[PDB]
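J.: experimental coordinates follow, after the sequence.
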Protein chains: 4
Amino acid sequence: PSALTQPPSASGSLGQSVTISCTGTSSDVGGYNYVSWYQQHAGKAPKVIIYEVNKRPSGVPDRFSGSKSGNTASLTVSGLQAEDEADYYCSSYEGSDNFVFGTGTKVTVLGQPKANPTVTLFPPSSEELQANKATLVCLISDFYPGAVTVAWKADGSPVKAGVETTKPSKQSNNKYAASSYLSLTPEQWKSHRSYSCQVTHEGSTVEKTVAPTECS
Amino acid sequence: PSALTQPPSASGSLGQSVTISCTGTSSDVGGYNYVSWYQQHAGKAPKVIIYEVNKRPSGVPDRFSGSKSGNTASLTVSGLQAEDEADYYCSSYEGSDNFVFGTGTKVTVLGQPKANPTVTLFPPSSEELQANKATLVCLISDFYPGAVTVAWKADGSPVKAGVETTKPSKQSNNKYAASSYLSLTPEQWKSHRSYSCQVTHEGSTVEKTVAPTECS
Amino acid sequence: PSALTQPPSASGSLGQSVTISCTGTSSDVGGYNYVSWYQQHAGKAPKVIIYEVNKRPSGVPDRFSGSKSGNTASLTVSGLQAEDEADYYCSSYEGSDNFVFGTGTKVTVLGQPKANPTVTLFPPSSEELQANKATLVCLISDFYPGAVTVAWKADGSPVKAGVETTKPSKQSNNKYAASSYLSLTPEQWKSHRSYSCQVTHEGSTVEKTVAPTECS
Amino acid sequence: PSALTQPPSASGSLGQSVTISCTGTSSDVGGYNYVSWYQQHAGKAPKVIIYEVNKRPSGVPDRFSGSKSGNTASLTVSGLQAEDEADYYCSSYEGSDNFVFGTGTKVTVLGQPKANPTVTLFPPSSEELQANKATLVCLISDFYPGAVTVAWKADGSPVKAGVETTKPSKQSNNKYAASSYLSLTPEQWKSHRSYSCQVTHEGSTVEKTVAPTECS
């Protein structure tokens, strides 16, 4: 059902082999084998660049690879040309109307040297508490490529709700800045010990942990 | 092969509906009966809402309508749920294990009610300052529509320095959200009465202030 | 011993998979397995880009492939970047001091549309005969890429000797022009029925046949 | 890794000898004992003449000499066989299944005796003309050194048109060879007394003439 788990950002040096993946859950997403790879550009329609794990519709260079082991589907660009910088998607089919997609993946031809993100989690201002409100920020910044996964945990348990996030914005130093938020009641704030904000960028994770207080 | 017609626009209002184009040939669409529509929310994975021209996928609002005759395929969206604003694509089978796509149509709901941003300045932090950095952040949330301009004060003087401000993500409904951030040192910090994040939107200006008297 | 038989010209469209090969003779060149691939540029030293059929010295992209079936060694560029236009060589090792090489192969990033060569075999001028001399020309021209194999046969038997050939020269229309020759005695000329000049260019051969005469 | 020193030049004369550089480090050359030299004739496959510093390959002139001490490796070529003019490269082992190369040295033999080109105009042909094309060709052969300039006459008038002339290949010894060719129609052909291919080389001008009276 719903989601295939698919990377944030993936990127190479133009000429370098870069392989993306999709993961799943056996059911739908296993040796119950289909799964297609789509390309996208700018602000455009999807475009099958693969189907049935590994077969291409026609007009696809060999370089475009498709593989599947266990729960996880691979798609390899075996010679990145600038044209290959684009957003990609894995999708799978589950009986009747269950046309599920992955999360995405953004392949970038590495312009800048590639920075990892400064995660900064903030507690609800004691004043905003005085106003009977609660909001926590994960300021994620200083990165390139500008595609990251964002998450929030309570007591090391996934905050399913209340969560919002920003799309990466260019900065005066050619970096990306995202921001995730969580809005609650002081009561929900008060009932725990640790609220985390965990972001991912290529093979780089950061969890930022924050804890409840009164300040007064 | 080639790919198939759609309109650059499509509108409506709370009720007012909209119907889209997907114009192909008897080689595809006009041939087989596999009209599928992908609801591309502004930088997202697709969420198909309809395949086989007419029968909605497992959880899609009883609202989307496959509407076709020969070489033309139409989506219909009655009762504009507004939370419909998105990129809408089509895909036709054309034999030999192949599909091709409708150009894309961008739905814009009208009669969306306007709101001013909730402003929240976030004070620099303990853990933060122990690393001896001082980062101030303005969460500019829940405003429609997505124009907003941010401005920092160092006391009275209009301060621009490390003041990085992101473009307004689409907010789990057609409310917007942007982030702002001042880069400071603990020193720059406590040498100043306040700091402010003046946010102006649709005439209405809101502005919050922070003082080093906090438990950070 | 001596030669591995290796193509004339090989070339792609930049982004397209291009595979070169080497052929041999079992003895030396068989399941008596080694064989290395070297690159070259401009006027420069060779450069191992592969060894032991398929292993790379370090600083070689995955794209660089190496394979061996039966008598024939493959080397595939799985994503040609302009930098990949260069001359290539296969080489094999035969006991003690037998470090044999292939003929070559030139990989070109296809600038021009790729032309095949106008072969034109000429008989010894009756006058040059009057001068007791014999020379035959294979004017090979109008091609791109400018790397061709040239050969000469007598009675459908390989002219081992007397043979010379020119390196491809650029022309006012950006084409290459080569010229092979054969010098003999009128006696050797007279003793046969058919002198051929057979040239190759990618998967395109032309044999040009000429026959002895007196003219008077 | 990196690659190793050689001189851009190396000379001698019929006797006079030459000795080359291959200067590396104790990581390679100065370490293991695998000094190998590749005799790159101007656009050719390598022909190794020496491996393991000193013992010549299976058929290499009893003339080439591996000459080394520590970090310097020298080839020596006594008794300049002139047919030695070529690009000369080295290669050092550096552990872990790896080799690296000497920059290249270009041997130039002096005291090479000079000769004027044998000129041969080739008359347009029967088979040729039956296809109704008229191609005239000048074989400019066996001249040292490789400067020669070609010139066509249409009767008396100096004619340039389709007169494509190639650069002088190296001729199975250090004699040179170039080709020239006039593009004509059978008509242009027989409307003219003669045609000539004036070839000037080192002061001496040679010029051959062709007339439609031939059995072509």
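T.: Thanks, I have it. Numbers count the residues shown, from 1 in each chain, chains lettered A, B, ... in the order given.

J.: leaving out chain neighbours, which residue sits closest to the closest residue to chain C within chain A?
T.: Nearest residue of chain A to chain C, counting by CB to the nearest CB: residue A:79, 1.0 Å away. Yep, even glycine has a C-beta here, placed from its N, CA and C like the rest. Sequence neighbours aside, residue C:79 is the residue nearest to residue A:79 in space, at 1.0 Å (criterion: CB to CB, 6 or more residues apart in numbering or on different chains).

J.: what about residue A:173, how many neighbours?
T.: Applying other CB atoms under 10 Å in any protein chain shown, we find 11 residues neighbouring residue A:173.

J.: what separates it from chain D, distance-wise?
T.: From residue A:173 across to chain D, the span is 34 Å (CB to the nearest CB, to the nearest Å).

J.: hang on, the earlier thing: ok, the residue nearest to residue A:79 - contacts?
T.: A:15, A:61, A:63, A:77, A:78, A:79, A:80, A:81, C:15, C:17, C:63 (CB atoms under 8 Å, 6 or more residues apart in numbering or on different chains).

J.: let me have those residues in CSV, extended by secondary structure.
T.: Output for the contacts of residue C:79, formatted as CSV (DSSP: H, G, I helix; E, B strand; the rest coil):
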residue, secondary structure
A:15, coil
A:61, coil
A:63, coil
A:77, strand
A:78, coil
A:79, coil
A:80, coil
A:81, coil
C:15, coil
C:17, coil
C:63, coil
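
J.: among those residues, who's most crowded?
T.: Neighbour counts for the contacts of residue C:79 peak at residue A:79, which has 30 neighbours (criterion: other CB under 10 Å).

J.: before we move on, back to that, how close does the residue nearest to residue A:79 get to chain D?
T.: With distances defined as CB to the nearest CB, the gap from residue C:79 to chain D amounts to 24 Å.

J.: shouldn't residue A:200 be in contact with residue A:143?
T.: No. Applying CB atoms under 8 Å as the test, residue A:200 and residue A:143 come out as separate, 10.7 Å apart.

J.: these two: which has the busier surroundings?
T.: residue A:143 (26 against 20).

J.: surely the more buried one and residue A:175 touch.
T.: Yes. Using CB under 8 Å, residue A:143 is in contact with residue A:175, at 6.2 Å.

J.: overlap in contacts of the two?
T.: Applying CB under 8 Å, 6+ apart, one finds that residue A:143 and residue A:175 are jointly contacted by residue A:115.

J.: skip the chain neighbours and tell me the closest residue to residue A:190.
T.: In space, residue A:190 comes closest to residue A:212 once its chain neighbours are excluded; the distance is 5.9 Å by CB to CB, 6+ apart.

J.: which ones are touching the one you found?
T.: If a contact means CB under 8 Å, 6+ apart, then residue A:212 has A:123, A:189, A:190, A:192, A:193, A:195 as its contacts.

J.: rerun at 7 Å
T.: Taking CB atoms under 7 Å, 6 or more residues apart in numbering or on different chains as the contact definition, residue A:212 lies against A:189, A:190, A:192, A:193.

J.: distance of the second one from chain B?
T.: When CB to the nearest CB is applied, the distance between residue A:190 and chain B equals 16 Å.

J.: how many residues are close by that residue?
T.: In terms of burial, residue A:190 registers 13 neighbours under the definition other CB under 10 Å.

J.: repeat for the third one
T.: When neighbours are defined as other CB under 10 Å, residue A:192 has 12 of them.

J.: just put the contacts of residue A:212 in CSV and tack on secondary structure and distance to residue B:22.
T.: Formatted as CSV, the entries for the contacts of residue A:212 read as follows, by DSSP: H, G, I helix; E, B strand; the rest coil; distance: CB to CB, whole Å:
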residue, secondary structure, distance to residue B:22
A:189, helix, 48
A:190, helix, 52
A:192, coil, 49
A:193, coil, 53
